[PDB]
Every structure is written in C-alpha cells, then in structure tokens.
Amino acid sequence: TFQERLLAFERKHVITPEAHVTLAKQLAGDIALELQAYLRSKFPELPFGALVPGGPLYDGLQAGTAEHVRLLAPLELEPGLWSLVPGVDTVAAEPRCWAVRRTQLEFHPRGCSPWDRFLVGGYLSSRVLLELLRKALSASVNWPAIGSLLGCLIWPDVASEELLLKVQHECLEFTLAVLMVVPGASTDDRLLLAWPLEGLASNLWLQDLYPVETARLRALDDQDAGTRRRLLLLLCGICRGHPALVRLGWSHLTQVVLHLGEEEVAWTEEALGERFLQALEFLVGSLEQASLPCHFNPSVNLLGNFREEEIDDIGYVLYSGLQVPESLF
C-alpha cells in the first residue's frame, strides 16, 4: 500500500543525514563570515547588514542541501528616502517585481546616499547592483584562500549569482545564492531581491515571498503537529526525480501546499498519502487551466511562463495520482 512506499521514498530520497546537515550549515556559516569580512573591508561606504545564511537547509530539518542555500546581504536604506513601487504599476507591468524609488531629491539630492551610485534615473537598479557584486565575487574575492582555510573548494558559477561549494569531500555538495535584499513590507518578512531576469526590467527587484510562506507553513504545522512542510519536501524530491517535472520547483509546490494546507483537514502522517495525492490532483487541475497563482501574491501566475507543450507534458507525467500512485516514486 501507498503509505509504506511513501515513507520508504521519504526515508531514501528526501531525509538528509544529520552529519551532512550540520556540516553544510558549518561551511555556509563560515563562508558568510569570510565573504562579509571582504565586503566590509572593500566597501565600507556601502551599508550592508550582516550576511545571513538561510533557506530550506536552515528552516526545519531535514531538508539538507537539495535546494540552494540563501546568503542574504541586506541593504540598509535611509528611512523615508526610498519608496516601493509594485511592478504591476510600473511600465513593465510585472507583478513578480517591484521598483525602489529614490525620494526627496529636491532637498536631498543625488550623492546624499551611498546607494545613489546605483541609480538608473530615479530608481535604485538591481541590475547595476548585480554587476558590482558579480565583479567582486568573480574577480575580487580570495576564493582559493577561503577554500584552503575551510577545507573545501568554493567558486562562482557561470549564470545568475551562485557560489558553488565543493565538496566537502565528506559526501556533500551545495550552492550558495548570494542575495542582496531590501525589506519589501513593514508588517511581514517578505523581501525584494536583486536577482536577474536580464531581459525586460533588470532595474526592477524580484519579490521574494519565501520568508512569509515558510512562516505560514511553520505556523500551521505547529498548531496541529501537521505534515504540511514534510509534504512540501516530498513533492520537491519527486519532481526533481523526473526530468519532465523539474520545472516544478520549491515556489510552485509551496503554492500547492498552501492551498491544501490552508484547510482544517487531516494533516497527520496517517493522512500524508492522501494529502500527497490531493496535491497531484490540484497540480493536474492547475495545469489544464494553466494557472497556479501565488498564495500571497495571486496576480503572479507561477505557470505563466510555461509553454503549452511543457504544461501538457507535465500533465501526462502527473496522471498517476489516484490511478497508479507508486508508479511515480
């Protein structure tokens, strides 16, 4: 029966050995302090906060390093000198993005803020910020020495802004995503990231709902000892398992679990198999209508940039939910 195979798959392909989790946090934590030391040394005029490692590796166990490890570099913006403009209200009419508008230019002209050098027109440009950090990471940070000090190899990847970590021999590999971030809301912990999409509006920042989403999932599970977050890790592991399903990533499947999870329905381990099948069901339904909106930002459709064949292809792989469920493990 289904429950046994599900637990078995979780045991074999989802759960991460605690030595590897402990080790990964150690390297990522240590890389952050070295990288922070560099940034403070080389750019003391740029008021970044302390680098914060995070992501699924840190937020509950035992996710491990299946996903990227977030390395947050917070910009400290002068209060009231900067204003948020939602991307859907800019000329790029992009709900996934946000603009950061320089304010009070009459009495505080360009140059009053250290961030002004990253201005393109009247907005703080994530793209220009990205260029600066990419250059520092790739040509200005002493990665051979840091690697030597920590007994591993660290090097910048050829796309976006990723730090690849080898190994450390002891059965581990992972990726650090260096994320320059601004606060994006006063009432919760959502962020704006300086992240590429280097077509369209690269001056715009990318909305990051990850902190809000994981707080919600943690909040929900803590009140009924639920398995929502456990289910999200399952869904991720399976989709990584299939070359067709690989585009369905953490953020996509989060939406699925928030939808089901936002109900007073059984979230015990006993019902995990049913919650799982219900998720596949929801996914297949979302696919045929090509709509999977963000729970905390419904105007963004996480399936929007999928081509028709992609969706159709994912659909036929996901067929198995009630009919032949362990065919997919």
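Start at 1 and count along the sequence shown; that's the residue number.
Higher average CA B factor: 257 to 265, of the stretches 63 to 71 and 257 to 265. For the two regions 317 to 325 and 12 to 20, the entry's Cα B-factors average higher over 317 to 325. Within the selection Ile238, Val100, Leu197, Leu192, the deposited Cα B-factor values reach their highest point at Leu197. The PDB entry gives the largest Cα B-factor of the residues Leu233, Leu248, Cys171, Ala136 to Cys171. Annotation for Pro86: C-alpha temperature factor in the lowest third relative to the rest of the modelled chain, per the entry. Per-chain ranking of the deposited C-alpha B factor places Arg127 in the lowest third.
In the PDB entry, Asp221 places in the highest third of its chain by CA B-factor. Among all modelled residues in its chain, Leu283 ranks in the lowest third by Cα B-factor. Placement of the Cα temperature factor of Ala28 within the chain: lowest third of the modelled residues, per the deposited record.
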